[PDB]
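Heads up: the structure comes next, in structure tokens.
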Amino acid sequence: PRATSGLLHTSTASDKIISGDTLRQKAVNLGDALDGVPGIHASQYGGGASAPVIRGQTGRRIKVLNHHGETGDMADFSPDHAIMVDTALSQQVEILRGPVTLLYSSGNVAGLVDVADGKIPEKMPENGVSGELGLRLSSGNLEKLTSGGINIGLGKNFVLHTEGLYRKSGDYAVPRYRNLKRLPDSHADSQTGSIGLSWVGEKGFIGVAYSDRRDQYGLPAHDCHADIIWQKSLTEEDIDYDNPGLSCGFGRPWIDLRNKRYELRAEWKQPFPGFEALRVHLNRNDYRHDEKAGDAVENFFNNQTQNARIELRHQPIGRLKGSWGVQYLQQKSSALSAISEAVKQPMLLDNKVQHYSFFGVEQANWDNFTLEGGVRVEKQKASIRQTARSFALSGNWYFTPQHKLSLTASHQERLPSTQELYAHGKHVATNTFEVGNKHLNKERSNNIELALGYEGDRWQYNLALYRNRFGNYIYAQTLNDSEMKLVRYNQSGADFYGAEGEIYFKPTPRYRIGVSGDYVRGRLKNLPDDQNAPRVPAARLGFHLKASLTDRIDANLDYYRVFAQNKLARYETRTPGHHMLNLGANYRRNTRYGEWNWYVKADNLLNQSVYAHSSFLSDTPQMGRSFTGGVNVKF
Ligand SMILES: CCCCCCCCOCCOCCOCCOCCO
Ligand SMILES: CCCCCCCCOCCOCCOCCOCCO
Ligand SMILES: [Zn+2]
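Per the numbering used here, the very first residue in the sequence shown carries number 3; after that it's consecutive.
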């Protein structure tokens, strides 16, 4: 029961490790799967994509990690783009805060979400072989989900791994929504495949893996353009482009996406003198997606990623431990239209971004108190020159482990993305024109958080209180007057604070009852007044029940009270306001050749009109009542 993302273990009390067997019974998308963990919401976008929203932050203010590596996707661009991780094929998903975030990115203020996978075995399987098989169906979805993974000892110290998943799902049923049985364009198909090969220790393991993922899914709530769009708008010619928006007023939207991945991992256990561990990670990621209407492409998306990170763990110099590393990340990306680059300027013109990053964490241990500090300094070059310095310092006081009090502080700098300073074009799915800013200054943030945790047979609880102070908070500022939005990229200050927590009391070791909840406030302060921050979540209180009876069978009930959101940003609207009731049960079973984990799930029994203010489809109801039956065969 540990975490893997940091070569050196810095553990704060508000760290959460979700089990992989459990994820097999969860939604396919990352954001839907993590929703329900206190402090984490979702930005759904039909059955296709959903991003986690963590402490009101999302995208570039958090970090999704594909087994310590850059996923290489383009989900940071907009929540309609799927995140390239397979949580249903994952070993574990760890949600981490602290100085560790500095190992992977700059500007990560809310949480690091690392998805660890079986791609490259790291260990020799028993009996020479191991793997699992999974199958499930879901009502009103209409989800079919099959999955498998395999590990084979190709000899004495050699292991091959394969794994894959195929999913088909329809437009989802909606309660009371218009006169519709199902919400149009919310269907989703996905396949993933991996082949791996890895060594064994001592000292460690080395290995490579090839992956392939094709996604095909609709764009819910959704011909003339080649001129007027450009050129051009700085400044006020939105006057002249939504005049011919009602001229053509008076295809079928979907995304076809392909992701190809080549990576290498290695990590052995006593590299040479003075060091306890050495860890490498090489990655190449081919990402593409066409945003289409029928068979025609409206936007071409591309993101080539190459990523390298080397981390070594130094000798404990007398109870102070540390891991220092270097990372190289180059990312070639573009976002084009059917229109040539010879007539119009692309939404995102073809660009070359390079990240040179030096990082590390150091922890000192004075018995029942740990102190870990962290740093990151990355330089960027941007062919078509700044530096981000981020630091974090954190203390943990164990009165009696486990009785945890964490105090964590950090200053993080995020360098602006090329999208943010150079965007200039209609993104169809979002029906928004995007404009960049030639002069943004880095996102600087000063963050403080205190977490408290106890888990002691009778009582179990987890609490966290946080504030995030931005001297600079870069945001997509909606602009001057169901047409098409226009956003400019802007700067101000911001003040985010909130709380999240869960507490469980078990009367017997047999039964467990619990209450959970979260709340977050987001404000824009000091504008070039004092308005709310965009797409902030809503408060949520949770009631939880879970009980085994017995040895194999495990029923469970989850009731969430999602309150409305009336603290809204510049052009936002109110969002109710729903009651989520979820039922669940599980079958544990031991036959020959495998453990057989049957499962049955019932979500949204009250059949409520569910809206999420934190999503781009805030006035679009999400899935009504749905039944799920599934099987897993571990072996
Ligand atoms: C036990 C059920 C497992 C089913 C696994 C499905 C098989 C995995 O599919 C992987 C291939 O997915 C399609 C890849 O296509 C990529 C397109 O690249 C061609 C471009 O020239
Ligand atoms: C820190 C909570 C556990 C009990 C602390 C008392 C023991 C020593 O703590 C004093 C200094 O460290 C406290 C935590 O440090 C936070 C780092 O903030 C640095 C901001 O510049
Ligand atoms: Zn898009």
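Ideal placement from N, C-alpha and C gives every residue a C-beta, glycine not left out.
Over what stretch of residues does the alpha helix (DSSP H) that includes residue i continue unbroken?
{"i": "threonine 420", "result": "420–424"}
{"i": "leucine 442", "result": "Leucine 442 -> no alpha helix (DSSP H), and no H or E assigned at all."}
{"i": "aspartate 225", "result": "Unbroken run through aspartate 225: none, as it is neither H nor E."}
{"i": "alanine 35", "result": "32–36"}
{"i": "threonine 24", "result": "22–25"}
I need the boundaries of the beta strand (DSSP E) containing residue i, first residue and last residue.
{"i": "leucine 465", "result": "461–480"}
{"i": "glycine 41", "result": "Run containing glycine 41: none; DSSP gives neither H nor E here."}
{"i": "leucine 526", "result": "513–527"}
{"i": "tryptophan 368", "result": "Segment: none, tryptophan 368 is in no beta strand (DSSP E) and carries neither H nor E."}
{"i": "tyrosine 243", "result": "Neither: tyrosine 243 is in no beta strand (DSSP E) and is coded neither H nor E."}
{"i": "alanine 411", "result": "405–416"}
{"i": "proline 255", "result": "255–268"}
{"i": "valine 176", "result": "Taken as a continuous stretch (DSSP letters only), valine 176 belongs to no beta strand (DSSP E), as it is neither H nor E."}
{"i": "residue 649", "result": "Residue 649 is absent from the model: the chain starts at 3 and stops at 637."}
{"i": "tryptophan 598", "result": "596–605"}
{"i": "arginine 290", "result": "277–295"}
{"i": "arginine 138", "result": "131–140"}
{"i": "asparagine 492", "result": "487–507"}
{"i": "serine 628", "result": "628–636"}
{"i": "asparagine 534", "result": "Per DSSP, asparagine 534 belongs to no beta strand (DSSP E) and is neither H nor E."}
{"i": "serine 52", "result": "51–56"}
Can you tell which of the options has the C-alpha that lies nearest to the C-alpha of residue i?
{"i": "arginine 391", "options": "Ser359, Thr372 and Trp368", "result": "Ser359"}
{"i": "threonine 577", "options": "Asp297, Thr622 and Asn558", "result": "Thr622"}
{"i": "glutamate 597", "options": "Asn606, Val633, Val564 and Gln567", "result": "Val633"}
{"i": "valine 377", "options": "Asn353, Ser412 and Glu343", "result": "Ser412"}
{"i": "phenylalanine 565", "options": "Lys636, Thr552 and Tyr613", "result": "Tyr613"}
{"i": "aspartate 191", "options": "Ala268, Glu145 and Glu165", "result": "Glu145"}
{"i": "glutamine 421", "options": "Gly375, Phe435, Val117 and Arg446", "result": "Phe435"}
{"i": "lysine 381", "options": "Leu331, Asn367 and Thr402", "result": "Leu331"}
{"i": "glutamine 59", "options": "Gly109, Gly458, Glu238 and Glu265", "result": "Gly109"}
{"i": "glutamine 414", "options": "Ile20, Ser107 and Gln27", "result": "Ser107"}
{"i": "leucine 452", "options": "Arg446, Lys406, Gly458 and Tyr477", "result": "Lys406"}
{"i": "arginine 446", "options": "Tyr468, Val111 and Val131", "result": "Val111"}
{"i": "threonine 432", "options": "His189, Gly220 and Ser140", "result": "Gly220"}
{"i": "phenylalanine 302", "options": "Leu10, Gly320, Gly427 and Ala587", "result": "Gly427"}
{"i": "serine 484", "options": "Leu547, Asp520, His441 and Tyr573", "result": "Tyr573"}
{"i": "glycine 120", "options": "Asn68, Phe371 and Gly626", "result": "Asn68"}
{"i": "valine 176", "options": "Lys636, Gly631 and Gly626", "result": "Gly626"}
{"i": "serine 80", "options": "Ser13, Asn592, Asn448 and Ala337", "result": "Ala337"}
{"i": "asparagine 304", "options": "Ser141, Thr237, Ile319 and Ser335", "result": "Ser335"}
{"i": "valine 95", "options": "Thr24, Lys440, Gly195 and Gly631", "result": "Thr24"}
{"i": "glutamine 329", "options": "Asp560, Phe361, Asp75 and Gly579", "result": "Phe361"}
{"i": "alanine 51", "options": "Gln27, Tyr513, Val39 and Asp78", "result": "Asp78"}
{"i": "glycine 327", "options": "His70, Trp600, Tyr589 and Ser620", "result": "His70"}
{"i": "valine 115", "options": "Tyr168, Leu135, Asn153 and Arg57", "result": "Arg57"}
Assign residue i to buried or exposed, taking buried as 16 or more other Cβ atoms, counted over all protein chains shown, within 10 Å of its Cβ.
{"i": "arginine 254", "result": "exposed"}
{"i": "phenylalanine 274", "result": "exposed"}
{"i": "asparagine 261", "result": "buried"}
{"i": "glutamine 333", "result": "buried"}
{"i": "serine 339", "result": "buried"}
{"i": "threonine 103", "result": "buried"}
{"i": "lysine 158", "result": "exposed"}
{"i": "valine 538", "result": "buried"}
{"i": "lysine 603", "result": "buried"}
{"i": "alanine 29", "result": "buried"}
{"i": "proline 101", "result": "buried"}
{"i": "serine 385", "result": "exposed"}
{"i": "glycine 48", "result": "buried"}
{"i": "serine 342", "result": "exposed"}
{"i": "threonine 372", "result": "buried"}
{"i": "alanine 90", "result": "buried"}
{"i": "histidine 83", "result": "buried"}
{"i": "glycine 544", "result": "buried"}
{"i": "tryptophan 461", "result": "exposed"}
For residue i, is the beta carbon positioned less than 6 Å from some heavy atom of ligand 4?
{"i": "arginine 290", "result": "Ligand 4 is not part of this structure, which contains only ligand 1, ligand 2 and ligand 3."}
Of all the CB atoms in chain B, is at least one closer than 7 Å to the CB of residue i?
{"i": "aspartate 556", "result": "This model lacks chain B altogether, as it is built from one protein chain only."}
field: Below 5 Å from a heavy atom of ligand 3 - residues by beta-carbon
entry: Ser80, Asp82 and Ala431
query: Can you list, in chain order, every residue whose CB sits closer than 6 Å to a heavy atom of ligand 2?
result: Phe371, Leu395, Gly397, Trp399, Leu407, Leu409 and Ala411
- prompt: Whole beta strand (DSSP E) runs in the region 95–119 with 3 or more residues, listed along the chain?
  reply: 114–119
message: Ignoring anything shorter than 4 residues, give me the alpha helix (DSSP H) runs that lie fully in the region 547–588, in order along the chain.
response: none
field: Closer than 5 Å: residues whose CB approaches a heavy atom of ligand 1
entry: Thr148, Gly150, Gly166, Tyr168, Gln193, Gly195, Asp214 and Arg216
message: I'd like the ranges of any beta strand (DSSP E) spanning at least 3 consecutive residues and lying wholly in the region 331–405.
response: 350–367, 371–385 and 389–400
field: beta strand (DSSP E) runs wholly inside the region 153–216, at least 3 long, in chain order
entry: 160–171 and 190–201
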